[PDB]
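Worksheet for the structure shown next.
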Amino acid sequence: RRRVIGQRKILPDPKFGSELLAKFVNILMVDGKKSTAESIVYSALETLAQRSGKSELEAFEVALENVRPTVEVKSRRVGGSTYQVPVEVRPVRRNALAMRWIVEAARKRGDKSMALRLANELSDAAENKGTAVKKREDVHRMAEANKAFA
Amino acid sequence: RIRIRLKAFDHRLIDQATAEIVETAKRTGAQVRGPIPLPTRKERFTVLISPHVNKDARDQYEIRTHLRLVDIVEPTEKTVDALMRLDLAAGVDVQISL
Amino acid sequence: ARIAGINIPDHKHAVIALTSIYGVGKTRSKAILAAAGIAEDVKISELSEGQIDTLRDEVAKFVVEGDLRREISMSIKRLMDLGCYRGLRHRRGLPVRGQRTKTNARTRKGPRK
Amino acid sequence: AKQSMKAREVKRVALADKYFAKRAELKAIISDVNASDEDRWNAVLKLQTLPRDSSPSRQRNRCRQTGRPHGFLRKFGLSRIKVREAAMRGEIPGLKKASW
Amino acid sequence: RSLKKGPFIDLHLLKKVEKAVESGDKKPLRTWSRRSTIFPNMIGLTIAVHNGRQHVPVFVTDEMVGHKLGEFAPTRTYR
RNA sequence: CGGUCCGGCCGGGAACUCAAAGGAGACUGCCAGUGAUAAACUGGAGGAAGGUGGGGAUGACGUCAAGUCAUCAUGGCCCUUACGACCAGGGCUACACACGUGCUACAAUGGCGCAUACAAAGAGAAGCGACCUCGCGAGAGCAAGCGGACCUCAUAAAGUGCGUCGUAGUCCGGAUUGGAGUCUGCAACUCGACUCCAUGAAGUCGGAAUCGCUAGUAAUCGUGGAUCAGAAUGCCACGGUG
């Protein structure tokens, strides 16, 4: 169809000058309050240095350069019929997709302090185990047995 | 001192009445200032405006009450007697106050 | 639980997690200690020789437990007169206020499957 | 709407004129939280328990051109299915449609 | 603990009892007001009360006295 | 610019504002690229800003014999002691029975108290009802201000700060319930609202499947009013966070 649309790249964070931290607090934004999210993420290092977090240069990069998503699953129509087909992840959600996989895994966990649930979820990404890193692997293992369509 | 509560439901009717009472005041030699316009007061509603059901047919209506006071500061009596029995544009109401 | 029977172990919280047990309610348990000039924080260790046992009688500023079910029963045998409207609604599988006949009714009439 | 519903209400308003009109605060000389449990104002209550056909209820504003109770606009005395006719027929001051 | 310290009452039915105790085998004394209270000296009498389409008989007992008449009689159908 | 109960409180004034009015302003005209240097388009310059700017608003012949006699006029058919309609009861929240649609929790980016900041638009004279009083309270008295920018309803809330509870089917969160009170009304059975002690069941954020939203849009919290004796969660409007 028509359009061709205008797009937004959002303001950087007012303490660190990071637009990646800004997109993280936007995915961490519930009930529209937005100041609450600043007090949950990057509000302590003493809770990452409590588990697997090694030096501050990795206190956020464990969600950025530690992973590379490429594809998403579901079905697509080709000619007269529908098939299961892996689709090419878009190049600006590429670096902001794992943010939902970390925020959801912490938000839905039953373990009290949310600022500590998030630091513990970042520690469990710094070991490269289970949550978020297997949600990347599961669809790549699927796409290594599904190649005929794009 | 006197004030004259000149009220109407239309923004031109009150200007065409101001152009009669303030001109009568100046031509009768009254010492007068520029009269205040006052903040407009409103009444509004949105209702189902179709004769039988047809629930999409909800429409907005509004009506506006305009008031001026004229306000005479000077105690002179002969200069303002020409205003109290004066005829103004049809549909306006007048009441005299302090 | 020194609050009940002849037992003497009392190293518990006096307002936290002390709710709906031993005749304790849910809100008077806080006010009775403040009005006695007692701090409610930290597990009890320094309130010996009747200093909190004296208040556990009146926390509990009315009849509790098996003597409260006795008290509620002083007007309940009216429901066993059966000719009376409230009693007839109590022998039947029905509500008596704030519920309708087919919209959200199974929670008092009885479940399906 | 049966025509008796307004024809009876006008007679009830004329009857409230001896019991409630400038007398709806008259309870303020017999109401008390205790009064030492005495009785000295029953001269008011003998007349407040007298009427039955007049009351602070049983009234419906209706339209001054149709006996219909619902769809009414109090300050005009007309309906939501009559003011759009009147405002285009030029029968009411201050009110108009469109422009504005 | 009833609504106000003074009860709202009318003696229009109590005034019939000294004649309703000599009715013989005739059909019982019939009434339409159901909000009416039943006084203790109305005990041992049969009364016919409106069910919403007919009138049905009730006998005044030590469970009915001190309460309203309508609390002892049916008001709806499907029974 | 003067006074300086030190306060727009006054003398006074029309300055961002605010409340009001008047005059300009936008035409593809100006410039480039495109295209029969035709028509016409996308951008750029100016400018507060365009290119059916945005919002209101008119309905060519032809459609759906569109909708409504439960809102009227008026012909026909019917009634006219009746299908008239006033009383004492009352019906319209039926029901042994199937299904939608919407709200709020399950908590700890939560719950609570104290400290802490900004409203906006409405409504209101036998009205809204301040300061003050009794009671934990519903609420009842005492008694000003205000008819619209020196009042009342009415400390804006979510938020910001700090301490604290911590999966226990929990002070969370909710159905049901005993006792005692507060209120308008012939009337508070069937068949009303509100407050406080006493009791507190479920609830693990939901499975196939199905539904909706594209930027100040989704989501989130608060203010107000109409109907309105007393009584909806519904409804028509106004702001904050985003």
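Starting from 1 in every chain, residues are counted up; chains themselves are A, B, ... following the order of the structure tokens, and ligands are numbered from 1 as listed.
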| task | Could you please tell me, as a ChimeraX atom specification, which residues of chain C have an atom within 9 Å of chain F when using only C-alpha atoms (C1' of nucleotides)? | result | /C:15-17,19-20,25-27,62-64,68-69,71-73,75,85,100-102,107
Include C-alpha atoms and write out the residues we just selected as a tab-separated table (two decimals), in the first residue's frame.
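Below is the file again-v3.tsv, written as the result:
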```tsv
chain	number	residue	atom	x	y	z
C	15	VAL	CA	1.86	-7.10	65.06
C	16	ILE	CA	3.60	-8.55	61.91
C	17	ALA	CA	2.22	-11.99	60.79
C	19	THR	CA	-3.42	-11.84	62.14
C	20	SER	CA	-6.62	-13.98	62.17
C	25	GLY	CA	-8.15	-9.59	64.55
C	26	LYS	CA	-6.35	-7.52	61.87
C	27	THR	CA	-6.07	-3.80	63.04
C	62	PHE	CA	-14.80	-8.31	72.95
C	63	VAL	CA	-15.62	-12.09	72.87
C	64	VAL	CA	-13.42	-14.17	70.44
C	68	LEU	CA	-17.87	-15.31	69.50
C	69	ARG	CA	-19.68	-18.17	67.62
C	71	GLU	CA	-22.49	-14.64	70.59
C	72	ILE	CA	-23.43	-14.78	66.84
C	73	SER	CA	-25.80	-17.69	67.73
C	75	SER	CA	-29.79	-14.10	67.11
C	85	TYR	CA	-38.66	-14.62	55.48
C	100	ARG	CA	-29.52	-11.76	41.00
C	101	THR	CA	-31.14	-15.00	39.61
C	102	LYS	CA	-29.03	-15.82	36.43
C	107	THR	CA	-21.43	-18.62	43.66
```
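Contact shell of region 60-67 of chain E at 8 Å (only C-alpha atoms (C1' of nucleotides); same-chain neighbours under 5 positions omitted): residues 81, 83 and 84 of chain C; 37, 38, 39, 40, 42, 43, 44, 45, 46, 47 and 72 of chain E.
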Restricted to N, CA, C and O atoms, what would the selected residues look like written as a compact mmCIF listing (two decimals), in the first residue's frame?
```txt
# COMPACT_ATOMS: atom_id res chain seq x y z
N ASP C 81 -36.92 -20.43 62.70
CA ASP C 81 -38.38 -20.26 62.85
C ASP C 81 -39.15 -20.73 61.59
O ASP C 81 -40.33 -21.06 61.68
N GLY C 83 -41.08 -20.13 59.14
CA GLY C 83 -42.20 -19.35 58.59
C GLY C 83 -41.79 -17.93 58.19
O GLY C 83 -42.34 -17.37 57.24
N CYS C 84 -40.79 -17.40 58.89
CA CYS C 84 -40.18 -16.08 58.73
C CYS C 84 -39.32 -16.00 57.45
O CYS C 84 -38.57 -16.93 57.14
N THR E 37 -47.84 -4.35 60.75
CA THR E 37 -47.32 -5.16 61.87
C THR E 37 -48.41 -6.05 62.48
O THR E 37 -49.59 -5.69 62.49
N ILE E 38 -48.02 -7.20 63.04
CA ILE E 38 -48.93 -8.12 63.74
C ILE E 38 -48.66 -8.09 65.26
O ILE E 38 -47.60 -8.50 65.73
N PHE E 39 -49.64 -7.60 66.02
CA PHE E 39 -49.58 -7.45 67.47
C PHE E 39 -49.82 -8.80 68.19
O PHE E 39 -50.53 -9.65 67.64
N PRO E 40 -49.29 -9.03 69.41
CA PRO E 40 -49.35 -10.33 70.08
C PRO E 40 -50.80 -10.83 70.31
O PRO E 40 -51.07 -12.02 70.17
N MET E 42 -53.22 -10.69 68.28
CA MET E 42 -53.74 -11.20 67.00
C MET E 42 -53.46 -12.71 66.81
O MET E 42 -53.82 -13.28 65.78
N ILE E 43 -52.80 -13.37 67.77
CA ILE E 43 -52.44 -14.79 67.72
C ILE E 43 -53.67 -15.73 67.77
O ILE E 43 -54.64 -15.47 68.49
N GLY E 44 -53.62 -16.86 67.04
CA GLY E 44 -54.69 -17.87 66.99
C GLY E 44 -55.80 -17.54 65.97
O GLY E 44 -56.93 -18.03 66.10
N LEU E 45 -55.51 -16.72 64.96
CA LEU E 45 -56.45 -16.28 63.93
C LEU E 45 -55.96 -16.66 62.51
O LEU E 45 -54.77 -16.58 62.24
N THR E 46 -56.87 -17.03 61.60
CA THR E 46 -56.57 -17.22 60.17
C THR E 46 -56.87 -15.94 59.38
O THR E 46 -57.97 -15.39 59.50
N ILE E 47 -55.92 -15.49 58.55
CA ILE E 47 -56.01 -14.28 57.71
C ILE E 47 -55.67 -14.65 56.26
O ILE E 47 -54.77 -15.45 56.01
N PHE E 72 -44.44 -13.32 56.25
CA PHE E 72 -44.92 -14.69 56.49
C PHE E 72 -45.67 -15.31 55.29
O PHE E 72 -46.22 -16.41 55.40
```
| Quick one: DSSP helix (DSSP H, G or I) residues in chain E, as a ChimeraX atom specification? | /E:14-20,40-42,69-72
Same residues, N, CA, C and O atoms, saved as a short mmCIF file (atom, residue, chain, number, x, y, z; two decimals), in the first residue's frame:
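Full text of out.cif as output:
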```cif
data_model
loop_
_atom_site.label_atom_id
_atom_site.label_comp_id
_atom_site.auth_asym_id
_atom_site.auth_seq_id
_atom_site.Cartn_x
_atom_site.Cartn_y
_atom_site.Cartn_z
N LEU E 14 -56.46 -4.46 63.51
CA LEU E 14 -56.63 -4.87 64.91
C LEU E 14 -58.08 -4.69 65.41
O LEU E 14 -58.59 -5.54 66.15
N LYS E 15 -58.77 -3.65 64.93
CA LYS E 15 -60.20 -3.33 65.22
C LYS E 15 -61.20 -4.39 64.72
O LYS E 15 -62.40 -4.23 64.99
N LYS E 16 -60.78 -5.41 63.96
CA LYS E 16 -61.66 -6.46 63.39
C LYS E 16 -61.63 -7.79 64.17
O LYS E 16 -62.47 -8.66 63.91
N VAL E 17 -60.67 -7.98 65.08
CA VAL E 17 -60.35 -9.29 65.70
C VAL E 17 -61.51 -9.84 66.55
O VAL E 17 -61.88 -10.99 66.38
N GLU E 18 -62.14 -9.02 67.40
CA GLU E 18 -63.22 -9.43 68.31
C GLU E 18 -64.51 -9.92 67.57
O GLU E 18 -65.40 -10.51 68.19
N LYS E 19 -64.57 -9.71 66.25
CA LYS E 19 -65.62 -10.21 65.34
C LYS E 19 -65.12 -11.35 64.45
O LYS E 19 -65.89 -12.25 64.11
N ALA E 20 -63.83 -11.38 64.11
CA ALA E 20 -63.21 -12.46 63.32
C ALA E 20 -63.03 -13.78 64.12
O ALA E 20 -62.84 -14.84 63.53
N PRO E 40 -49.29 -9.03 69.41
CA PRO E 40 -49.35 -10.33 70.08
C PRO E 40 -50.80 -10.83 70.31
O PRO E 40 -51.07 -12.02 70.17
N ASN E 41 -51.76 -9.93 70.55
CA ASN E 41 -53.17 -10.26 70.73
C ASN E 41 -53.93 -10.57 69.41
O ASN E 41 -55.14 -10.79 69.42
N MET E 42 -53.22 -10.69 68.28
CA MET E 42 -53.74 -11.20 67.00
C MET E 42 -53.46 -12.71 66.81
O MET E 42 -53.82 -13.28 65.78
N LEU E 69 -46.81 -8.59 58.53
CA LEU E 69 -47.63 -9.66 57.95
C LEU E 69 -47.04 -10.22 56.64
O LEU E 69 -47.01 -11.43 56.43
N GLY E 70 -46.53 -9.34 55.77
CA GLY E 70 -45.95 -9.71 54.47
C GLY E 70 -44.69 -10.58 54.58
O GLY E 70 -44.36 -11.28 53.62
N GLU E 71 -44.02 -10.63 55.74
CA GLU E 71 -42.82 -11.46 55.97
C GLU E 71 -43.16 -12.96 56.11
O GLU E 71 -42.25 -13.79 56.10
N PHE E 72 -44.44 -13.32 56.25
CA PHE E 72 -44.92 -14.69 56.49
C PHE E 72 -45.67 -15.31 55.29
O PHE E 72 -46.22 -16.41 55.40
#
```
| remark: Here CA of residue 74 (chain D) and CA of residue 50 (chain B) stand apart by 18.9 Å
| request: Counting only C-alpha atoms, figure out which residue out of C:99, C:32, C:88, C:113 gets nearest to chain E. | output: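 Among C:99, C:32, C:88, C:113, it is C:88 that comes nearest to chain E.
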| message | What does the structure give for the distance between CA of residue 81 (chain B) and CA of residue 5 (chain B), in Å to one decimal? | response |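 Computing the Euclidean distance for CA of residue 81 (chain B) and CA of residue 5 (chain B) yields 15.9 Å.
The protein and nucleic acid residues lying at most 6 Å from region 44-55 of chain C are residues 11, 12 and 58 of chain C, with only C-alpha atoms (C1' of nucleotides) considered and sequence neighbours fewer than 3 positions away removed.
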Residues near region 47-62 of chain A, anyone? I mean within 10 Å using only C-alpha atoms (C1' of nucleotides), not counting same-chain ones fewer than 6 positions away, as a compact mmCIF listing (two decimals) with N, CA and C atoms, in the first residue's frame.
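The resulting file, part_2.txt, is reproduced below:
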```txt
# COMPACT_ATOMS: atom_id res chain seq x y z
N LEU A 20 20.36 4.46 24.15
CA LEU A 20 20.11 3.05 24.43
C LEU A 20 19.54 2.86 25.84
N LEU A 21 20.04 3.63 26.81
CA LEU A 21 19.45 3.70 28.15
C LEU A 21 18.04 4.33 28.11
N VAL A 41 16.62 0.95 37.00
CA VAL A 41 17.75 0.56 36.13
C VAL A 41 18.94 1.52 36.26
N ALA A 115 14.30 -3.47 41.46
CA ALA A 115 15.67 -3.00 41.21
C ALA A 115 16.72 -4.14 41.37
N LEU A 116 16.47 -5.09 42.28
CA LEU A 116 17.33 -6.25 42.47
C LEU A 116 17.01 -7.38 41.46
N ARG A 117 15.73 -7.63 41.13
CA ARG A 117 15.32 -8.57 40.06
C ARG A 117 15.95 -8.22 38.72
N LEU A 118 16.06 -6.93 38.39
CA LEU A 118 16.71 -6.48 37.16
C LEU A 118 18.25 -6.66 37.19
N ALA A 119 18.92 -6.32 38.30
CA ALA A 119 20.36 -6.54 38.46
C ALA A 119 20.74 -8.05 38.43
N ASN A 120 19.87 -8.90 38.98
CA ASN A 120 19.99 -10.35 38.94
C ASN A 120 19.74 -10.92 37.52
N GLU A 121 18.82 -10.32 36.75
CA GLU A 121 18.58 -10.69 35.35
C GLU A 121 19.76 -10.29 34.45
N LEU A 122 20.38 -9.14 34.69
CA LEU A 122 21.61 -8.73 34.00
C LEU A 122 22.81 -9.64 34.36
N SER A 123 22.91 -10.07 35.62
CA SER A 123 23.92 -11.06 36.05
C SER A 123 23.73 -12.42 35.35
N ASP A 124 22.49 -12.87 35.19
CA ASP A 124 22.16 -14.11 34.49
C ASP A 124 22.27 -13.99 32.94
N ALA A 125 22.43 -12.78 32.40
CA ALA A 125 22.83 -12.54 31.02
C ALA A 125 24.37 -12.47 30.87
N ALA A 126 25.07 -11.97 31.90
CA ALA A 126 26.53 -11.92 31.97
C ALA A 126 27.19 -13.32 32.07
N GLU A 127 26.48 -14.34 32.55
CA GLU A 127 26.91 -15.76 32.49
C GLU A 127 26.57 -16.46 31.15
N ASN A 128 25.77 -15.81 30.29
CA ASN A 128 25.18 -16.36 29.07
C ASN A 128 24.44 -17.72 29.29
```
| said: Which residues are near residue 96 (chain D)? Cut-off 12 Å, only C-alpha atoms (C1' of nucleotides), ignore same chain within fewer than 4 positions. Put them as a PyMOL selection string. | reply: (chain B and resi 9-10+60-64) or (chain D and resi 83-92+100)
| Which chain D residues are at most 12 Å from chain F (counting only C-alpha atoms (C1' of nucleotides)), as a VMD selection string? | chain D and resid 1 to 5 8 20 to 26 28 to 29 31 to 34 48 to 63 65 to 75 78 to 82 97 to 100
If we count only C-alpha atoms (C1' of nucleotides), which residues of chain A reach to within 6 Å of chain F? Please list them as a tab-separated table (two decimals) with N, CA, C and O atoms, in the first residue's frame.
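Output saved as selection15.tsv:
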```
chain	number	residue	atom	x	y	z
A	31	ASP	N	2.46	2.30	33.46
A	31	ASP	CA	1.54	3.31	34.01
A	31	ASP	C	1.90	4.78	33.63
A	31	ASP	O	1.35	5.74	34.19
A	32	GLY	N	2.81	5.00	32.67
A	32	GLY	CA	3.17	6.32	32.09
A	32	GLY	C	3.98	7.25	33.03
A	32	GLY	O	4.18	8.41	32.68
A	33	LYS	N	4.42	6.80	34.21
A	33	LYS	CA	5.08	7.66	35.23
A	33	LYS	C	6.50	8.10	34.83
A	33	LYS	O	6.87	9.23	35.10
A	112	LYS	N	10.36	-10.31	45.01
A	112	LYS	CA	10.32	-8.97	45.65
A	112	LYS	C	11.02	-7.83	44.88
A	112	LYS	O	10.51	-7.43	43.83
```
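When CA of residue 30 (chain C) is paired with CA of residue 9 (chain C), their separation reads 21.0 Å.
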